[PDB]
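**Student:** Before we start, here is the structure in question, set down as structure tokens.
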Amino acid sequence: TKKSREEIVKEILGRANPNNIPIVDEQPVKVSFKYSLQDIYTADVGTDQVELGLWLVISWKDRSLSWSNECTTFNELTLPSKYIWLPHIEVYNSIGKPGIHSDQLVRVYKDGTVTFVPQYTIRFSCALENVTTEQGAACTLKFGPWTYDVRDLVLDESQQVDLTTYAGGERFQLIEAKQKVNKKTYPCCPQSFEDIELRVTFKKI
Amino acid sequence: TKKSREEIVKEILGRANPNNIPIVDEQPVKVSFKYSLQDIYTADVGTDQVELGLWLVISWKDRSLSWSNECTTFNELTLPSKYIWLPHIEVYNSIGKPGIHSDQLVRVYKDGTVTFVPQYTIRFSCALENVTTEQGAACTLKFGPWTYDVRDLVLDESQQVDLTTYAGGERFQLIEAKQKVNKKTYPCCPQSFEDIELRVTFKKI
Amino acid sequence: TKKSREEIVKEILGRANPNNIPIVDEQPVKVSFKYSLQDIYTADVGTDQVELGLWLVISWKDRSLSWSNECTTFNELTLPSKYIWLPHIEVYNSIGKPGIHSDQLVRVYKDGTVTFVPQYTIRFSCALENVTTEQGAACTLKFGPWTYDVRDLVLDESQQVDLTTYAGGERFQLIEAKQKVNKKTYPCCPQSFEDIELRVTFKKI
Amino acid sequence: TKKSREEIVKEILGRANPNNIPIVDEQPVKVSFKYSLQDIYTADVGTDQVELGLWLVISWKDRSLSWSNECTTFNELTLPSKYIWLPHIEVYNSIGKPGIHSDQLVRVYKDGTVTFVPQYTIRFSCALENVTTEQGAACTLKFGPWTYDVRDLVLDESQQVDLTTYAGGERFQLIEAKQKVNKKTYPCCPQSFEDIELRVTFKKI
Amino acid sequence: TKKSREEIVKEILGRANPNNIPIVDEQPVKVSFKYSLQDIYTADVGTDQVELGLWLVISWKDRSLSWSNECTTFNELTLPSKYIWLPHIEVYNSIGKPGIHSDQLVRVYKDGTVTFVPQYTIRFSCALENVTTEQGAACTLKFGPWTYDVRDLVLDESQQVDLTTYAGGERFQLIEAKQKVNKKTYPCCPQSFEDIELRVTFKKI
Amino acid sequence: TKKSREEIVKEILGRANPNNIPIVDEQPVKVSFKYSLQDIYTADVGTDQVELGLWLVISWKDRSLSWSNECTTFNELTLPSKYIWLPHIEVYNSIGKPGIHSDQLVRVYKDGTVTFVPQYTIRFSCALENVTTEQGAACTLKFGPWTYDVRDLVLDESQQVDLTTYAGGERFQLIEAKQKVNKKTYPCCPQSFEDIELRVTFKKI
Amino acid sequence: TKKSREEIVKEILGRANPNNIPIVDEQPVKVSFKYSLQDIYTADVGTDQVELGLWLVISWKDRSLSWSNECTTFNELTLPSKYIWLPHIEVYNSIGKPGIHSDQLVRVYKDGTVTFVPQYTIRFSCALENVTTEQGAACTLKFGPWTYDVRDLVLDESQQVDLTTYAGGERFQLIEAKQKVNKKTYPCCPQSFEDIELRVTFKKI
Amino acid sequence: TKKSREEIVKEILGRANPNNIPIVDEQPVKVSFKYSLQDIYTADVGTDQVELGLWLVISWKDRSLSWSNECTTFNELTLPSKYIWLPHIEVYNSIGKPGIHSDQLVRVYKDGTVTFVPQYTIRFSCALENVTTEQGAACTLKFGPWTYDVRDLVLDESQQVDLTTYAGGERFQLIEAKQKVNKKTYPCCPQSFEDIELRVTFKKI
Amino acid sequence: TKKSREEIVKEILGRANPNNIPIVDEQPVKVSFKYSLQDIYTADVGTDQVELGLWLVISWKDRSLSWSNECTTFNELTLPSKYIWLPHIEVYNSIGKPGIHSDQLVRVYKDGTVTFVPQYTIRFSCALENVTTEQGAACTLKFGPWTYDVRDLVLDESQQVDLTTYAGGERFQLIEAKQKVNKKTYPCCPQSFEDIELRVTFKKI
């Protein structure tokens with residue numbers, strides 16, 4: 005459509021950079037992570053797995069170069085996620101491969117900021133037992149870079165959990181959704197690793 | 005981010021080596037294998053298959069070249085598993101293709117040591133019968149290079165099995181997890197092959 | 005710790021390269037230089053020397069070879085500066101040998117990029133006179149490879165000077181810090197040499 | 005298709021065993037034999053041969069090794085008969101080589117049990133005379149291992165003969181089909197040999 | 005590791021040949037096929053499908069060139085199946101895509117002989133009915149090149165079926181496993197096609 | 005690509021055989037024929053011709069020789085139809101030369117079986133009259149070897165006609181598609197000839 | 005194997021043509037379609053989906069060039085389906101992605117004719133209701149090029165449906181299988197599209 | 005001929021795969037089956053056997069790997085059926101071994117789809133009685149994987165039967181050809197098996 | 005003209021290779037496919053066929069040998085398509101043979117990459133109905149190797165569809181052009197086949 009926009013895409017995609025961390029100076033890359041819990045689709049007592057429909061908000065800043073003098077033009081362009089590098093964030097205890105609800109498209113900004121929000125259905129281990137009871141049940145899943153240590157990737161969160169999107173007539177009510185950031189160590193490695201633990205406590209309406 | 009780190013990745017990835025065993029001298033490659041049994045998710049009586057959530061610790065040393073004089077820099081870099089060669093270790097009797105819980109990221113070290121730990125959900129043949137009984141039930145699965153003989157790949161293990169990670173409120177209790185290394189022969193080939201037999205004995209709490 | 009990381013270090017350090025410029029093709033090595041002026045510790049009227057606490061950001065790309073197929077592993081490793089070749093950048097007019105605040109550690113990246121940032125206390129010639137006056141005083145020191153001509157080493161700078169780190173309650177206020185790159189010639193040699201002139205203008209609060 | 009299934013085939017086929025009787029302990033191999041008489045296609049008065057369309061149910065247990073821990077996976081795999089050893093059972097008095105209606109595929113089970121059912125058209129000696137008469141005619145053919153004595157192979161049968169499959173509008177009606185097991189001796193050898201004598205008595209409708 | 009081995013791989017892989025049948029003279033390629041029935045994992049009455057865990061032994065000779073004078077060196081090398089051409093052998097009546105238990109690795113020999121054994125879980129059509137009965141049930145599946153006629157590919161089998169590997173405590177007992185080679189014709193084509201019919205007869209213990 | 009595959013093609017193509025029926029023994033060649041009626045594209049009232057988009061499944065077995073010992077290799081290879089002999093099957097009453105939708109490629113199998121499926125648009129004589137009426141209209145076209153008598157070529161069919169592929173929103177609805185095999189005689193020759201009569205009865209939706 | 009064959013493959017594959025319709029003159033490509041209904045594996049009342057095991061015979065003629073003078077050589081070569089262009093024929097109402105029973109191999113002939121027959125398991129919408137009743141139930145699925153209009157692709161069928169292959173002891177009996185070609189129009193496009201409607205009427209035995 | 009084509013064959017044949025079901029994930033292989041009834045060559049009253057000249061269209065998808073970047077090249081290659089795995093589909097009640105009219109060549113496509121169409125002459129049991137009468141006679145033969153259950157192989161059909169190819173002056177007229185898919189169970193096995201029942205009803209002209 | 009160029013052509017054409025897939029190692033050939041929809045020339049309501057003027061971008065890599073040391077010379081040479089092997093890609097549902105707008109010339113590169121772009125006019129089945137309406141109409145045609153399965157040929161696409169070339173004053177407006185890659189199975193064959201489905205949705209301006 006717009007020629008101005010067209011040059012933007014081409015310049016960044018063609019000339020700008022291959023998979024590599026563009027930032028030479030000592031700076032780790034921080035990725036903000038937010039969860040919007042859309043719905044708790046199902047619970048399996050025998051399996052002890054629960055399914056969550058979530059969208060993950062991920063934001064990071066990449067270094068981009070401005071070759072052509074930027075003029076008032078197309079500020080944000082949308083591109084497929086494949087085009088650019090994305091973070092490794094994954095659920096530590098997912099029973100199965102997560103499925104993707106939405107297309108992989110990411111908006112990029114001139115400053116270099118990128119916003120990618122996938123929609124996912126994830127199945128993770130959690131005992132459903134006592135969902136019916138008033139107390140309800142609690143489940144926790146931790147998300148975080150598999151490979152990256154705290155040094156390489158720093159995870160940050162704005163708030164606890166986004167309930168607002170939550171479906172009004174979901175099978176299960178949400179007593180409370182929390183996303184607490186924590187740093188933890190593994191026997192594999194001396195480096196600290198940061199993950200966000202999403203603890204959802206819910207019960208049947 | 006850090007320019008110093010950036011050169012490291014590029015040098016190893018771009019210039020350093022294609023899929024090939026870099027070691028010319030007569031040295032087999034040893035891969036240490038460790039299992040952290042996260043949880044026994046499910047048992048299927050009709051199917052006679054059991055599902056395990058495990059993460060596999062795999063360590064090996066690859067030969068790398070240091071072109072640029074290494075200065076105090078980024079000691080370990082994380083890269084996707086696709087970038088580098090990984091071992092063939094697979095479960096001998098998996099009913100289905102294993103699924104991958106975590107992203108494929110591997111930490112590499114200047115010495116050339118590489119640590120890759122995938123998280124897996126594996127379904128393997130095992131009769132659930134008498135899980136309820138006090139004696140419990142025993143299952144065994146052997147892991148080992150499919151193609152590689154003992155000559156090419158040597159498998160080593162530090163300890164029996166890592167129970168500590170095991171989920172506290174798992175459906176099944178772990179009576180004992182063992183990883184014994186054994187060498188075995190097949191009618192196909194005169195070469196000895198080494199596999200680690202993971203024998204888990206568990207019962208319902 | 006991580007075996008994967010361990011191989012990385014060993015491969016680059018042991019096999020990869022001795023002090024030599026790994027780059028055969030006609031390419032000069034560019035080193036980006038940045039100054040973070042931490043503080044102006046002291047001024048000596050009689051001596052006419054001033055002391056600066058700075059950290060120097062230095063980035064360069066070295067050619068590294070990837071022998072073992074890189075897998076997702078330790079992306080950046082940290083090593084002592086002694087291990088790898090570092091640039092000669094020195095202050096042209098330092099009254100005394102600079103002292104080193106921080107350990108000599110440099111992060112290296114797979115791409116081969118290396119980031120080394122030393123912290124230094126440097127004493128250089130500059131007349132303190134009229135520090136008290138509103139106009140303040142100006143000092144200049146030039147940094148650049150002693151031996152290397154522009155051909156061999158090219159110096160680049162991202163920005164003027166990093167004030168942000170500057171101590172809030174420093175004895176002297178910073179009117180402006182600038183790092184301008186300049187190329188200059190010496191009677192010794194017909195080759196052009198590039199240095200970054202750090203001109204700081206400061207006064208007592 | 006399924007990776008899990010794929011390993012199964014390969015393991016048994018590649019590594020598991022060559023033509024050899026895997027059973028070291030003193031155990032003869034018993035093969036159950038059953039006949040499903042599909043139809044009596046034709047009778048030749050001059051030739052005195054009769055043609056039967058039958059499928060032979062053959063079951064035996066072979067010893068298999070489970071290397072990889074069996075997980076819930078592909079329980080039964082189908083493979084060509086050529087892949088595994090089959091019994092020698094043949095009709096003692098076949099006028100001509102039997103033809104094979106169906107592909108040679110055999111289902112194998114983890115326990116090691118194998119079920120192979122070929123469909124055959126067999127021509128054997130039998131006088132057609134008096135087919136038209138009410139009494140009808142009787143024919144007998146014996147099936148049994150040619151080489152194997154009772155010691156090596158034991159033959160067993162569940163029932164007399166399977167009439168149900170028999171074509172409704174066959175040229176000849178089945179007065180009675182019987183499969184009696186008998187052990188017999190031959191002048192060649194002192195060992196007893198077991199065969200199943202299939203005696204069919206039929207007449208034209 | 006060994007340099008000698010390293011050259012071997014590179015020479016065959018890099019220089020030796022693309023997907024093409026290297027044999028110019030009039031020679032069909034024969035592929036020996038063997039089945040090791042690991043276990044009959046499951047039976048589905050409603051589905052009328054049975055699952056087999058098998059490993060398939062496949063052997064063939066490819067023409068290779070020896071450039072460098074072969075010295076006493078690494079006789080057999082292991083490589084991924086993707087690297088070299090493999091035969092099309094597939095189950096004629098598989099309900100679903102077979103899954104692969106083991107990694108795709110194949111051992112190659114200097115003579116050019118190649119041994120590839122995949123482990124598979126295969127689901128094929130077969131009526132489970134009367135498994136409980138003493139007679140048991142019979143199933144047949146035929147394996148053979150889909151495309152290749154007898155002219156192009158010839159299939160051979162050493163023995164009937166490998167029971168030895170069969171799991172001792174499998175859900176189903178193996179009455180007999182057979183692999184008979186047969187040549188058959190299809191209305192599509194005048195050429196004869198060869199397949200191995202694997203007929204397994206099994207029952208519940 | 006694969007060297008192993010490469011030899012296969014070359015051996016069969018170069019050495020294996022010229023246009024000639026490779027089968028010396030007394031065996032006619034049977035060709036299975038199946039029709040997948042993709043769509044009835046058009047009807048011409050004046051012309052009284054109808055157009056069918058069909059793909060023809062043709063299978064036959066050719067005798068191939070295996071020179072090089074077949075190892076586990078490329079089971080089925082694809083080659084152009086020109087390379088190998090194909091059957092003469094043609095529509096008896098085609099108004100015009102049939103056009104070919106798909107490339108002429110045929111898969112061949114080691115057993116010698118060949119599967120060739122062309123896609124065709126054929127125009128044949130048939131009165132469209134009363135397509136609109138509820139009764140609809142019937143058309144018949146017979147396919148069969150022009151030259152070959154029943155002795156030389158035998159035609160076989162698995163089923164009546166494959167409706168499933170039929171386009172959902174085709175101009176004409178399919179009341180019933182049948183493929184009945186019939187043998188017929190011509191005054192030219194005393195030999196019986198076999199053809200498959202495809203009778204399609206269709207009407208406008 | 006045969007050198008003569010080898011050249012054939014290479015010439016057609018390497019030099020002969022990329023995905024493009026080789027036919028410049030005004031000729032549509034006709035693809036004959038035939039269905040061999042192997043078996044009706046299952047019916048799901050709740051789902052209202054039925055599963056069919058079919059093989060599709062597809063034939064088409066592609067234009068090939070004969071560079072080297074063809075001598076008596078390898079007439080038909082087998083190659084992978086990926087190598088050559090195949091038609092888009094798909095089931096209009098498939099509930100799920102079809103699975104492939106057989107390897108994708110296609111036989112090609114010198115004339116350019118290609119025969120490709122895949123084996124498929126397809127799940128399509130159809131109400132099972134009243135399968136038990138004597139009347140039975142009817143299901144219809146239409147196959148045809150998704151994209152191609154009648155102009156581009158013409159579908160033709162030889163016969164109604166191939167019952168012969170149908171499994172003798174299938175769960176469901178086949179009252180009649182028909183493949184009627186029909187041309188239909190869609191609101192999307194003014195062009196006529198041709199599909200083959202496969203209507204199968206079956207009941208439980 | 006074409007070098008590009010040549011590499012294709014070699015890569016798939018040599019490197020790509022041995023008889024094994026390449027599909028690890030849980031996918032059954034579906035094979036479409038179509039029958040093109042070329043002609044009903046003969047009927048034998050005494051024998052009660054009928055001969056059909058048919059070609060069988062078989063299509064299946066195999067998993068292939070693309071090593072070399074595919075460029076516009078030879079899309080479909082033809083290879084002998086022996087080269088690749090073919091399905092076991094066989095006539096349940098064939099009186100004699102089917103003969104093959106055509107060479108076993110199969111076209112393969114890059115996507116992996118394979119089309120194999122054999123031409124066959126098949127003799128199956130069927131009473132000729134009352135062929136002369138107006139009502140005619142009906143015969144049924146079922147085709148389907150011998151070994152494979154519905155799970156492993158799924159059969160699908162596009163249409164009823166392809167009459168079009170049917171010879172115009174065949175000895176017998178085709179009243180209707182049908183191919184209905186049905187699933188059936190056998191006492192041997194609890195798994196469902198799918199077959200295509202080809203029911204042809206024909207009479208003398 | 006240039007002698008240097010002249011040797012290039014001769015060497016590749018004369019000495020380099022016949023139709024054969026030059027790639028011995030296990031590598032499938034991938035062919036990238038792109039469509040540039042030039043114009044929708046016509047729609048035929050009665051015929052239900054639509055005509056597209058497209059050019060097909062096809063790219064693949066062939067293995068070439070460099071005999072003479074390559075010096076700076078003619079990098080890309082143009083040759084007739086007949087000279088080298090081209091892929092089989094064809095439209096599944098083309099009503100008629102496609103015509104060729106442009107000469108068959110292909111550019112080849114030293115790396116072995118080949119780019120061939122034919123211009124075609126294709127007629128495919130599609131209902132024109134409701135072109136006038138605002139909603140417009142949708143048509144789909146699938147392109148893909150006829151013979152080649154996914155194993156042999158892998159198809160890849162860079163983008164959805166190239167609208168830019170589209171004629172400004174075409175009879176029909178393009179609402180959206182998409183090229184989605186899909187893998188599908190056919191009943192003929194167990195192998196997966198990949199095709200690109202071109203779905204164009206257009207309406208009259």
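Chains as they are written, first to last, in the working numbering: chain A, 5 to 209; chain B, 5 to 209; chain C, 5 to 209; chain D, 5 to 209; chain E, 5 to 209; chain F, 5 to 209; chain G, 5 to 209; chain H, 5 to 209; chain I, 5 to 209.
Beta carbons: idealized from backbone N, C-alpha and C, even for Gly.
Cutting at 8 Å between CB atoms, please list the residues of its own chain near D/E15, excluding the five before and the five after it.
**Tutor:** Counted from its first residue, the fourth sequence places residue 15 of chain D at position 11. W71, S72, listed in sequence order.
**Student:** Against chain I, does H/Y96 count as a neighbour if the rule is that its beta carbon must be under 8 Å from one of theirs?
**Tutor:** Reading the eighth sequence from its first residue, position 92 is the one you call residue 96 of chain H. False, the Cβ-Cβ gap to chain I never drops below 8 Å.
**Student:** If we count the other Cβ atoms within 10 Å of its Cβ and call it buried at 16 or more, is C/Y190 buried or exposed?
**Tutor:** Along the third sequence, read from residue 1 onward, the residue named residue 190 of chain C stands at position 186. Burial call: exposed.
**Student:** Cα separation between B/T136 and E/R111?
**Tutor:** Here the question's residue 136 of chain B lines up with position 132 in the second sequence. Here the question's residue 111 of chain E lines up with position 107 in the fifth sequence. C-alpha separation (whole angstroms): 44 Å.
**Student:** At the 8 Å Cβ level, is F/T189 part of the contact set with chain E, yes or no?
**Tutor:** The residue given as residue 189 of chain F occupies position 185 in the sixth sequence. It does not; no Cβ of chain E falls within 8 Å.
**Student:** Is the beta carbon of H/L56 closer than 8 Å to that of H/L69?
**Tutor:** By one-based count along the eighth sequence, residue 69 of chain H stands at place 65. By one-based count along the eighth sequence, residue 56 of chain H stands at place 52. No; because the gap between Cβ atoms is not below 8 Å, this pair is not in contact.
**Student:** Can you round the beta-carbon distance between G/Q164 and H/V165 to whole angstroms, since I take them to be within the 8 Å contact cut?
**Tutor:** Position 160 of the seventh sequence, counting from 1, holds the residue named residue 164 of chain G. Position 161 of the eighth sequence, counting from 1, holds the residue named residue 165 of chain H. 3 Å between Cβ atoms; contact.
**Student:** By the criterion of Cβ-Cβ separation under 8 Å, what are the contact partners of F/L109 in chain I?
**Tutor:** Position 105 of the sixth sequence holds residue 109 of chain F. The contacting residues are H92, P149, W150, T151, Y152.
**Student:** On the DSSP letters alone, give me the boundaries of the alpha helix (DSSP H) that B/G148 sits inside.
**Tutor:** Reading the second sequence from its first residue, position 144 is the one you call residue 148 of chain B. No alpha helix (DSSP H) holds B/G148; the beta strand (DSSP E) holding it covers 141-148.
**Student:** May I have the straight-line CA-CA distance separating E/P91 from H/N23, to the nearest angstrom?
**Tutor:** Numbered from its first residue, the fifth sequence carries residue 91 of chain E at position 87. Numbered from its first residue, the eighth sequence carries residue 23 of chain H at position 19. Going by the C-alpha atoms only, they are around 5 Å apart.
**Student:** Going by the CB atoms, is the gap between B/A131 and B/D66 shorter than 8 Å?
**Tutor:** Residue 66 of chain B sits at position 62 when you count from the first residue of the second sequence. Residue 131 of chain B sits at position 127 when you count from the first residue of the second sequence. Result no, Cβ atoms of B/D66 and B/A131 do not sit closer than 8 Å.
**Student:** I want to see whether chain C comes within less than 8 Å of A/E30, judged by CB atoms only; does it?
**Tutor:** Indexing the first sequence from 1 puts residue 30 of chain A at position 26. Closer than 8 Å to some Cβ of chain C, the Cβ of A/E30 qualifies, so yes.
**Student:** Give the range of the beta strand (DSSP E) segment to which A/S40 is assigned.
**Tutor:** If you number the first sequence from 1, residue 40 of chain A lands on position 36. Run containing A/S40: 33-48, per the beta strand (DSSP E) assignment.
**Student:** In chain E, which residues lie with their C-beta within 7 Å of the C-beta of G/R127?
**Tutor:** The residue labelled residue 127 of chain G in the question sits at position 123 within the seventh sequence. Going along chain E, no residue has its Cβ under 7 Å from G/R127, so there is no contact; the nearest lies around 11 Å.
**Student:** Give the single residue among E/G172, E/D153, E/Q177 whose Cα lies nearest to the Cα of E/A142.
**Tutor:** Mapped onto the fifth sequence, residue 142 of chain E falls at position 138. The shortest Cα separation from E/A142 among E/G172, E/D153, E/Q177 belongs to E/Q177.
**Student:** Compute the distance between the beta-carbons of F/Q183 and H/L167, then report whether it is under 8 Å.
**Tutor:** In the sixth sequence, the residue the question calls residue 183 of chain F occupies position 179. In the eighth sequence, the residue the question calls residue 167 of chain H occupies position 163. Yes, these two residues count as a Cβ contact at 8 Å.
**Student:** What does the Cβ neighbour count give for H/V13, buried or exposed, with the cut at 16 atoms within 10 Å?
**Tutor:** Within the eighth sequence, numbered from 1, the residue matching residue 13 of chain H stands at position 9. Classification for H/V13: buried.
**Student:** Tell me which residue opens and which closes the beta strand (DSSP E) that H/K207 is part of.
**Tutor:** By 1-based counting over the eighth sequence, the position of residue 207 of chain H is 203. That run of the beta strand (DSSP E) goes 193-208.
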